[PDB]
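What follows is a single chain, given as structure tokens, in the form deposited in one PDB entry.
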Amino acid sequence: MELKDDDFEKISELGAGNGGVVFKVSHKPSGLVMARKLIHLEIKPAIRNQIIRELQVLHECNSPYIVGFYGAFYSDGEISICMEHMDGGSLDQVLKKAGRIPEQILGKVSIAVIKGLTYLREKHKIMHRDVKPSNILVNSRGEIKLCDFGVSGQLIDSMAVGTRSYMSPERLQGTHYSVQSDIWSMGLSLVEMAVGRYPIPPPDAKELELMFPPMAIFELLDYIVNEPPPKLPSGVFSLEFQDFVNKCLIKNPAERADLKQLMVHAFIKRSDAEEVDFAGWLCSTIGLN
């Protein structure tokens, strides 16, 4: 079925973020609850038909680790992307309530991100471009899925920043970047969720005892490109997890681990084996089921 503006009805607002707001909506003709992302674009009518045409590949983006797609259209000054409602929300939301995310839980998350990036790369030849906690969504059936990845090339162009960057050193320094940049983003996201806060600048020894002003924009970006990469703090995390994120955060992107290597890493093999009620932990910490 084709999706269209007057067939919808706002239930609530799921949140906002720099460009679009997303609503929990009811598609009246189907009865389905969806998440409708609206993106305001003051843009000519020729190229907003190309954006919709290129978003149609999301119908073939079927994966347990990728947020489902219902359809896309253009309304009155905004392009709508309609997707699976994830009732657990994004991992930046669950991090606020949880304080930290346990290491065993981040094992299941890491697996999901690797397998989702791998799906997008192998089957659709695209990189995410925007891996961070807010773009990793979870639900009460225990599924972990990626969204807001760069399918339509034209859509990226029409939106071309924020106080916290998950961009790799190489991407910050110029156009010389590709799929390896997503690895860096994931690594930083994992350190953040593990520790309970954005890991740049790194916490001093006294701030690490308490756990276990904000930087200016240039000061922060200068740290990412010129200062050594964030480490997972020793002792409280396993040696295999520390190595995992260290391989993800190697400044040199060719020296840095790629998806193939991370898939067979000791941390992933171990987390594959582990028995985790992720559904039960997720609902327990945010109050749902």
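Rigid core: the largest C-alpha set superposing within 1.5 Å between the two forms. Position 1 is the first residue in the sequence shown; the rest follow in order.
Neighbours in the displayed sequence, residue 205 and residue 206 may still hide a gap; how many deposited residues lack coordinates there, none, 1 to 3, 4 to 9, or 10 or more?
Per the record, no deposited residues are absent between residue 205 and residue 206.
Indicate whether the chain is continuous between residue 212 and residue 213 or, if not, how many deposited residues are absent from the coordinates: none, 1 to 3, 4 to 9, or 10 or more.
Going from residue 212 to residue 213, the model skips 10 or more residues of the deposited sequence.
Mean C-alpha B-factor higher for 186-194, or for 70-78?
Taking the mean B-factor of the alpha carbons in each, 70-78 is higher.
Using only the Cα atoms and their B-factors as the entry lists them, report which of 252-260 and 45-53 averages higher.
Mean B over CA atoms: larger for 45-53.
Among the candidates 180, 175, 134, 118, give the one with the maximum CA B-factor reported in the record.
The C-alpha B-factor peaks, among 180, 175, 134, 118, at 175.
In the PDB entry, which of 145, 128, 97, 171 has its C-alpha at the highest B-factor?
97 has the highest C-alpha B-factor of those listed.
When the deposited Cα B-factors of this chain's modelled residues are ordered and cut into thirds, is residue 61 in the lowest, the middle or the highest one?
Ranked within chain, residue 61 CA B lands in the middle tercile.
Select lowest, middle or highest to describe the third in which the CA B-factor of residue 27 falls within its chain in this entry.
Lowest third of the chain for residue 27's C-alpha B-factor.
Test of reading the entry: by CA B factor among the chain's modelled residues, which third contains residue 247?
Middle third by C-alpha B-factor.
Tell me, lowest, middle or highest third: where does the Cα B factor of residue 161 rank within its chain?
For residue 161, whose C-alpha B-factor we compare with every modelled residue in the chain, the answer is the highest third.
Which third of the chain does residue 239 land in by C-alpha B-factor: lowest, middle or highest?
Within its chain, residue 239 is a highest-third residue by C-alpha B-factor, going by the deposited values.
Heads up, the form deposited in another entry isn't pictured, but that's what we're talking about next.
Identify which of 74, 119, 177, 198 has its C-alpha displaced by 2 Å or more between this form and the one not shown once the rigid core is superposed.
By this measure, the answer is 177.
Superpose on the rigid core, then tell me if the C-alpha of residue 250 is displaced by 2 angstroms or more between this form and the one not shown.
No; that C-alpha moves by less than 2 Å between this form and the one not shown.
Once you overlay the rigid core, does the Cα of residue 38 travel 2 Å or further between this form and the one not shown?
It does not reach a 2 Å shift.
When you overlay the rigid core, is the Cα of residue 61 off by 2 Å or more between this form and the one not shown?
No, because once the rigid core is superposed, the C-alpha of residue 61 moves less than 2 Å between this form and the one not shown.
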